[PDB]
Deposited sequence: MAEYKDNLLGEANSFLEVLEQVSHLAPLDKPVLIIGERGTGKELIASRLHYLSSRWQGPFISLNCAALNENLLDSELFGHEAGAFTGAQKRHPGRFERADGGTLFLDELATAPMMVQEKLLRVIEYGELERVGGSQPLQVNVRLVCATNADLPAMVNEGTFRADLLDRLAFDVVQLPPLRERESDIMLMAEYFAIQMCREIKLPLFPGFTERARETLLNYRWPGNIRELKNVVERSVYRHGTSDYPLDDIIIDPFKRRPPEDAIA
């Protein structure tokens, strides 16, 4: 993991303490800030490290498919993500998009340690360390009636706040350099020739709504379009759609 900003280093320290606990952890941060990477770090630093690490993007599925993907269904079986994570960790991304029906069912799994399994088959007991992520203001949603207060009262045992790249301004150039060098290797340039002051201004003044994912893409495209080691990279191509 790249980064020397104190805000980022404080996250890594927090994660090293939280990881060994079986308690649920909420990660708040923008897209591209490394939320999944942090969830993974929580699993690999925990006592569950040899168990499975399973992920699911709540925003990606309609209500009935999300219900079935998470909790499973009987119509043999399609095991849900809680079952597949048994003895391990389950990372639920974009939590704030989970419908209220899913949120209530999730609280039940957390409070009772089991999944309901219709009739015929006994309820399934599960043993899963939960990590969830979002960029929403969950307390505001609770006020608006779009997120369950009860779920949040129990789910947010602690909160990891990942800083956006624009608040780690020291790390922008560090990471840009790293990504430029890697792209130099990929296209066989002998040396990364540096960033001009204009390029640095462009990099540091942009707000990076896509954070680290967007930085890496921008920098790769920019090295490629530059295409030489003979002189420093001057043109940072933030928006490939205008040219």
Open item on the list: If a residue lacks a C-alpha atom here, it counts as unmodelled; so which stretches of the deposited sequence fall into that category?
Closed with: 1-7, 83-89, 258-265
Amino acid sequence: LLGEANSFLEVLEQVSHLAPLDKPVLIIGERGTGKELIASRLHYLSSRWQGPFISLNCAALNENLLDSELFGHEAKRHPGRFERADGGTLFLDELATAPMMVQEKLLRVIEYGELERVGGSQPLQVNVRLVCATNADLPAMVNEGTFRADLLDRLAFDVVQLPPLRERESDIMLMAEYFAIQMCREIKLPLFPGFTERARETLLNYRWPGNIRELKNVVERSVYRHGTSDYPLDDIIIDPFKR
From here on, numbers count along this sequence of modelled residues.
TODO: Can you check if, in at least a third of the other PDB entries compared, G72 has no modelled coordinates?
DONE: yes
- [ ] Higher average CA B factor in the deposited record is what I'm after, so tell me if that's 91-99 or 142-150.
- [x] 142-150
Open item on the list: Quick check on the record: does 197-205 or 174-182 carry the larger mean Cα temperature factor?
Closed with: 197-205
Task: Residue with highest C-alpha B-factor in the PDB entry, from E36, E69, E214, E30 - done: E69
TODO: For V118, return the chain-relative third of its C-alpha B-factor as stated in the PDB record: lowest, middle or highest.
DONE: highest
Task: Assigned third (lowest, middle, highest) for the C-alpha B factor of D158 - done: lowest
Open item on the list: Quick check on the deposited entry: does the C-alpha B-factor of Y44 sit in the lowest, middle or highest third of its chain?
Closed with: middle
Task: Within-chain third of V218 by Cα B-factor, per the entry - done: lowest
Task: Record-listed C-alpha B factor of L189: chain third - done: lowest
